[PDB]
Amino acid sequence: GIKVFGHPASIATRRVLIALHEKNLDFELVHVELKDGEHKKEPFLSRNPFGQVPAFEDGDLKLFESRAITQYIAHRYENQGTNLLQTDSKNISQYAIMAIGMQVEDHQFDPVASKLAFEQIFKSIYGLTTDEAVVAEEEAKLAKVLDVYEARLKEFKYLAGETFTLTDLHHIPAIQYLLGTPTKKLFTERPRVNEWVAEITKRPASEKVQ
């Protein structure tokens, strides 16, 4: 069957889990003990030689890298559950529009957002002091990025068009984490972003991985 080799707290792992749930699919979440360094030793390195979670299995097919896995799910299980591709899924122009947003989340949003979530949650869990200077710097960054998102969301219900797609889905785990932190201010202060956040984080598949 389908197996996800990861960790339930992992943003990348959650990104995959949401897509599976969105597709009403049954799978086994095989826990990788990162705490014991399992990810940096065999046999996990045979599933992903870069030693990051998640790795993935669908029968004989062996994948890693979360965005590639969500895409695979979106296509292989297209007719099942929520459509994660564009309504007209074979339309090349419309796919490109979606692809740009996917690309934007990876390059503009994730690095900043993940740094924020890490400085202000994960640090605190393990026992290091949050760097207020870093937080401020990255908040200023994310603010400028979210202004671009606001403009985009003023012209379309979701980022790739009129429907919820992979483009939106990929943001969810990081946003979830940032909503338990003062950085929520940036999402809330922007009307169309705030509505978008609220719609995508309130989805049942999104709540299943919290």
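One rule holds for the numbers: they count along the sequence shown, beginning at 1. Rigid core: the largest C-alpha set superposing within 1.5 Å between the two forms.
For 40-48 versus 165-173, the mean Cα distance to the shown form in 5 other deposited structures of this protein after rigid core alignment is larger for 40-48. In 5 other deposited structures of this protein, superposed on the rigid core, the segment with the larger root-mean-square CA displacement between 124-132 and 73-81 is 124-132. Between 144-152 and 33-41, the higher mean Cα B-factor belongs to 33-41. In this entry, the higher average B-factor at the C-alpha atoms falls on 47-55, of the pair 170-178 and 47-55.
Per the deposited record, the Cα B-factor of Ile92 falls in the highest third when ranked against the other modelled residues of its chain. Per the deposited record, the Cα B-factor of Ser114 falls in the lowest third when ranked against the other modelled residues of its chain. For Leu63, the recorded CA B-factor ranks within the middle third of the chain. Only modelled residues enter the ranking.
Among the modelled residues of the chain, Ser124 sits in the middle third by CA temperature factor in this PDB entry. For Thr188, the recorded CA temperature factor ranks within the highest third of the chain's modelled residues.
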